[PDB]
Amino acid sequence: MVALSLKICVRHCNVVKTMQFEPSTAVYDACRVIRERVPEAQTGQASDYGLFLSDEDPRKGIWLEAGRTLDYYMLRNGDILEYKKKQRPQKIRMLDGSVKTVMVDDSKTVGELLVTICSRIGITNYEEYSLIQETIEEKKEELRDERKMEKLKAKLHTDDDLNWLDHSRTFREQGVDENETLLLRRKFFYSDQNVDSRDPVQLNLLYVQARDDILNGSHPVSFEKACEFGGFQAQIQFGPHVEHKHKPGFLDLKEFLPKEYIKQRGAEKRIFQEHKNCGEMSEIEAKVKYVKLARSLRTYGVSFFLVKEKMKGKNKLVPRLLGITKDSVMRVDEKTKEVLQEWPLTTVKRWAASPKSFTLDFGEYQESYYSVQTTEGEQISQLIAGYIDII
């Protein structure tokens, strides 16, 4: 056996403890023993702490990965590690021009951090955003051949393109130090500006809408997804999940699930399960995840009609949901809310509506013409006409 004797720094090296570890000791078990040996090292929980090894440069430092082993960073007897809190302040200029000091996990890449930074502000399309190392240097202390050239070069000036950050790296790896102020800026332009939020006020309007169509049945979701929304909703109205308070029977299921799922077994348990999955996320962050979850579903922004159709060789209708949206028409299982088939609107050749049925003709000679028994055939005809007439 070889013993690895290390000094452990706790609370900014206010406490230095000499301890003995195996070289092959995993980093987490090392953190586990540090917690359970030094009483000064039991603040909060282990998720907010880790082992930090400083490099030759005081601005270069490495956080040990839990899955790795102490030996992996080539630690020899006498070396020092810090049991360091990873949440550290970082000043970032928001979308409203104000510089805000936010806590960031120093161990995470700026790509992962941007997910928590923007969504806590209300941005729903946080993927399209990034950060810039902003530089301010504008406060000055204090001919026919050569400068004719100097006026073309001065008028033909460089574009000093934006100094974005690398999402694959952390703040320490890219040279961004603690008390520097960064600027939040949108980098990509794929979604429209009028369909996303940037402040909590316009975000709440998105959430209030999305929750309404889910709860009144306008947006058909499956029972599993319904409790995932309920889990988010519970976080919004009650905060982080607490096992000993949010007990069975605590909820009013009507305010949380569609009507068809209130009676289904295990509803409150699955809601509470997703509630503690959120952890300690904020209400604003919870609203962002609720909205993005609704938009992620293929049934988002689709008007559905409860119709009846035939399947293979069984002379009996099946309850189906007929979806009509701005670009496509789809079949949806009424119980599981799965998308069984989908046609783009471009392919719809012609349609017909009876007082008892509704027929569709695609290019495919397919199987007959897709026909469904419905009392709202003319209603469906008006809707898809308003889509194809104006395209």
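One-based numbering along the sequence shown.
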Residue 143 preceded by how many uncoordinated deposited residues after residue 142:
10 or more
Mean Cα B factor from the PDB record: higher for 18-26, or higher for 364-372?
364-372
Check the entry's C-alpha temperature factors for 47-55 and 355-363, then say which stretch has the higher mean.
355-363
Using the entry's values, work out which of 289, 157, 219, 269 has the largest Cα B factor.
157
Between 262, 208, 99, 165, let me know which has the highest C-alpha B-factor in the entry?
99
Residue 204's Cα B-factor: lowest, middle or highest third of the chain?
lowest
State the tercile, meaning the lowest, middle or highest third, of residue 89 with respect to the CA B-factors recorded for its chain.
middle
Grab the CA temperature factor for residue 317 from the record and place it in the lowest, middle or highest third of its chain.
highest
In terms of the CA temperature factor given in the entry, to which third of its chain does residue 41 belong: lowest, middle or highest?
highest
Taking the chain's C-alpha temperature factors as the reference, tell me which third residue 72 falls into: lowest, middle or highest.
highest
